[PDB]
Every structure is written in structure tokens, then in C-alpha cells.
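Residues 5 to 8, 17 to 86, 95 to 148, 154 to 264, 272 to 334, 342 to 448, 473 to 488, 492 to 505 (the entry's author numbering) are what the first sequence spells out, left to right.
The beta-carbon is built from N, C-alpha and C at its ideal position, and this holds for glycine as well.
First comes the structure, then the notes that go with it.
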Amino acid sequence: XXXXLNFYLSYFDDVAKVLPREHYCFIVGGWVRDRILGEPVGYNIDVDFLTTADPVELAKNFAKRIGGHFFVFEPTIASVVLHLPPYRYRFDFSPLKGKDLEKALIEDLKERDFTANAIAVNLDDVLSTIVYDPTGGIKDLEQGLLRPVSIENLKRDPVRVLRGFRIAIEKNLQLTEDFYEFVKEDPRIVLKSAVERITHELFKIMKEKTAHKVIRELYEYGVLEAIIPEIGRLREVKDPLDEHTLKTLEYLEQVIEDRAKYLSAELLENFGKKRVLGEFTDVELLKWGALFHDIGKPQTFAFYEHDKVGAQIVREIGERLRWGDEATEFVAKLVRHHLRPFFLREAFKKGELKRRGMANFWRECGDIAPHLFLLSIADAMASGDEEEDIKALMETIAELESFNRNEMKXXXXXXXXXXXXXXXXXXXXXXXXXXXXXX
RNA sequence: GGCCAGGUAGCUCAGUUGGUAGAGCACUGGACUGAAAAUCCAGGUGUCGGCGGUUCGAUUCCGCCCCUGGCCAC
Ligand SMILES: [Mg+2]
């Protein structure tokens, strides 16, 4: 039930100056875990607290001291957020009450999802170290295993099933047998929890670069298919299409790691700088774009228009899962034009590619260009093209980038403006354009 | 504090490259019928939440706020 500078944080002093003498505080969950696993503290810090005093007051005064922002939400829990450019701080204060402090702490630690997250230390021992792990989290961290405290705790809050999938990949741990068994039983249980949370955990999975294996895990057990029924529809078309999407995602990640070679400088400049949902990038949207790259093949076949229908389906998924409108529109636009570089390459291999089509390409979509390129290369890798084909593709991309880098520098008024911009690349020309427009 | 979605005629709802805000229902009137229902025809001066900015021109593009709701430990 117990065991015995490492857990230190600069802000743990501040909390201590706030928390009253007669009340106690405990550091619980991920932070502790992250410190036990030995992973270096990143640029995003999240600390979880259990206090015997009013968490709202404590948090408000803490934010008062650190000059951060404070908010409360629903028992009722409090949180403080301190955000500057290099780092992000989130401190979540939770209520702890009972006649017996130790018994209350223990009872709380048994209601948590996983053993790793059930470890807690006393705040007074942090700055000066007896640890509380009734679920035996440390022992499981010694074996590198993520083991749910109980299955009833997982059923109590279904969304936890995704965290276990994320954390295992995030902290590099292996999920136990009982978890996979519970997932085998009822994969649909995930749907019981709120949608936006599922969206959040999914995006958190897509954040890391090993995500394709996790996606395969979620698909194979039917969880992914249960959250997104459109994914299963890839099984009715025998190429296997689903395998092709999974491998497209894998190769997409392997390309993302190597992305510095394939793309040019100006394209890589703003790559991954697009903030979606206030913590995520367009890279995750690129991975979603790779999973969804063909969602329309079961829709239309004999797949001529499958990219348009695909864009529509993606739009509906984004609407259904409550993504950002800019996000879902980004992914939909990424699926819509997903086959464009293949037609540009195919027109290049015949030498029939001209500045017209390039101008149209950069006019039509210049924002999704890097992502569309990486996705095209990924799909080319997943299709198993001959060397000549892929080389020709990368050469096509090269000529495109080389083209845009240098050579690109009452409809009456609109048509006039368009014709002017076209003729530019001199008011008499405008007068003549008007005289020609009259006829 | 962060993010997400709505705010439009009386109600409830369309308006994904910008180009005078229309359609259905509801409402009124007429034809028709002993009568009524049905059927057929006609009728929109709406500060597109507020203020600004880009544009020749903004319901749509951009920035700052307002109101309603949804999520935010492990
Ligand atoms: Mg935490």
C-alpha cells in the first residue's frame, strides 16, 4: 500500500505557499509516472493535484501568484493555465475529502483508470519521499506494462480505453491481456463517452510519429471502425484497400521523418505551423488525410469521382466528430485534390505538362501543396510503383516547386481584373479590353 | 482560460471559388365547391448578432467584441 528532488518542480513552492497549514496536497497521476519512467520534462507540463482544501480558492490564488489564468469545470475541479511561447503549463486541482485522509487517498487511487496513473506522492515530501501506489503502478512500470486497475473503472468512463492505447504508444509500454480482452468483448463501448473527448484522444494519438501502428491496433479490434463507420466500408472492395490506407499512413510517417529531403525550403518553411484545435498541427490532419485518402472507393466503382465523394464524406466525419471547420475543411480539401500530383506526373511523363496546368495547380491550392506532395509520395510508396514512376513523380514535384519559386511573382469588373492579372504576367490595354468586352 | 458549433422573415430551415437573399411550410386573398377540406394562381421595406478591415461590390474573406449551447482530472 506504500513504498519508499526527483519529483521537484519550481512551481511546487508556489503551491506550498498557497495551501494552508492544516490542509494537505498530493501530486497524482501522469507527472509522477513521467518522472518514474525517467523521461525528460518536455515543453508541455501537466501537474495533477489532490487537496483537502477548496480547490477553486487554491487554484485562483495559485494563478494569482504565477500570473496565469484560472478556470473551474465539472466533482467540481479547478485548473490553472500558464502559457508563453516556449512552454505550456496546466495545473489541475482536485477535491479530496474524508474522515480518514489516508483511506480517502487510497479510495481515490483505486478509482483511477491505470496502475501507472494511480501513483501519488505527498507534496511535503517533494520539496525537502513516501509514495502511495495501492494499485502497484511502479511494479508495472518496472515491467513496462500498462495495466488497468480494474475493468469496471474502464467501463465507468469508456473514453479511458483510448488513453490506454495512446499512453502505451506515448510512453512506450505494452498493454496487458485483460485490456485487449475487454476491447475484444465490446469495442463499441467507446461510443458511450462524449464525442469531442474521443476526437481529442484520437488527435493526441495522431500527434506522435509512430501513430500508424496505433491506428492498426484500433482498426483490427474494431474500435476505429466503431467510431468511424466509414472506415469499415474499405473492406467491401478487394484491391485489400484498408491495408493500402494503413501502409499509406505508415509510409506517410516514414516520409514525414525524412520530409526535409523531399520538399523544398519554402514549402517546409511554414509546414507544421498551422494550429488546429489550439494544441495540434496540420501534420495530424495530414495523417487523417492519408487514412481518408480514399474513403470514396466503396462509394463509386465499376472510381472516377471518388475523390469528390471522398471530400464530402470527410466533411461529414468532421461535422459528426465536431472537428474545427477549418480542420475538417483542410482534410476534405486534402482528400479532394489527393490524386492531383498523380495526374500532373502522368501529364509530365508524356511531356505534355505546360505552365497552364502548373498555374492552375498553384492557383487552385497552394496552401495544401506540401501536404499534397508528401501524401502523393506516400500513396506512390503504398501502391508499389516502379522506380522510374516514383522518380518521375519527384521530378514533377521538383519542376512544380521550381516553377512557383521563380516564374510566379456585374462580373464586368471581375472579368476585367482577371484578364488584367492574366495579361500582366498601360490603360490603353484596359480600354481595348473594354471595347472587346462590349462585343 | 482554451477549443467547437449555432445567431437569417412569425416559427423552423437552404445560401463550399463573393454578384441584386430565394424555396417549402405557416399567413392572407381569389378561382373552384351547397359548404368545407383538397387542388390551382398571386403576395417579402429581413439594420443576415455588433462594430470595423480587404474588395468595384461581403450572408460568404480577415481582425476585435456580444448572446445561446457543447467539451475541458486520472
Ligand atoms: Mg497530468
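Alpha-carbon spacing of residue i relative to residue j, whole angstroms
i           : j           : result
residue 299 : residue 224 : 28 Å
residue 26  : residue 68  : 16 Å
residue 328 : residue 445 : 37 Å
residue 264 : residue 387 : 26 Å
residue 83  : residue 112 : 10 Å
residue 345 : residue 294 : 27 Å
residue 402 : residue 288 : 25 Å
residue 214 : residue 248 : 9 Å
residue 349 : residue 189 : 31 Å
residue 258 : residue 313 : 28 Å
residue 102 : residue 310 : 14 Å
residue 162 : residue 134 : 8 Å
residue 432 : residue 173 : 47 Å
residue 273 : residue 73  : 55 Å
residue 315 : residue 235 : 13 Å
residue 306 : residue 231 : 15 Å
residue 122 : residue 157 : 9 Å
residue 333 : residue 100 : 53 Å
residue 280 : residue 226 : 22 Å
residue 374 : residue 45  : 39 Å
residue 347 : residue 160 : 51 Å
residue 380 : residue 365 : 23 Å
Beta-ladder partner(s) of residue i, from DSSP
i           : result
residue 56  : 108
residue 168 : Beta-bridge pairing links residue 168 to no other residue.
residue 85  : 97
residue 308 : 312
residue 114 : 62
residue 157 : 140
residue 173 : 134
residue 413 : According to DSSP, residue 413 bridges with nothing at all.
residue 103 : 108
residue 216 : According to DSSP, residue 216 bridges with nothing at all.
residue 199 : 170
Segment limits, beta strand (DSSP E) that includes residue i
i           : result
residue 325 : First-last for residue 325: undefined, no H or E at that position.
residue 39  : 37 to 40
residue 141 : 140 to 142
Burial state of residue i, where buried means 16 or more other Cβ atoms lie within 10 Å
i           : result
residue 220 : exposed
residue 361 : exposed
residue 277 : buried
residue 254 : exposed
residue 397 : buried
residue 415 : buried
residue 377 : buried
residue 198 : buried
residue 128 : buried
residue 154 : exposed
residue 56  : exposed
residue 193 : buried
residue 250 : buried
Start-to-end residues for the alpha helix (DSSP H) that takes in residue i
i           : result
residue 75  : 67 to 78
residue 27  : 24 to 30
residue 18  : From DSSP, residue 18 is part of no alpha helix (DSSP H); its letter is neither H nor E.
residue 360 : Here residue 360 belongs to no alpha helix (DSSP H), and DSSP marks it neither H nor E.
residue 189 : 185 to 195
residue 441 : 426 to 441
residue 290 : 273 to 294
residue 383 : 379 to 388
residue 376 : Premise fails: residue 376 is in no alpha helix (DSSP H) and is neither H nor E.
residue 397 : 394 to 403
residue 407 : Per DSSP, residue 407 belongs to no alpha helix (DSSP H) and is neither H nor E.
Runs of alpha helix (DSSP H) lying entirely within the segment 229 to 264, each at least 4 residues, in chain order: 236 to 245, 248 to 252 and 254 to 257
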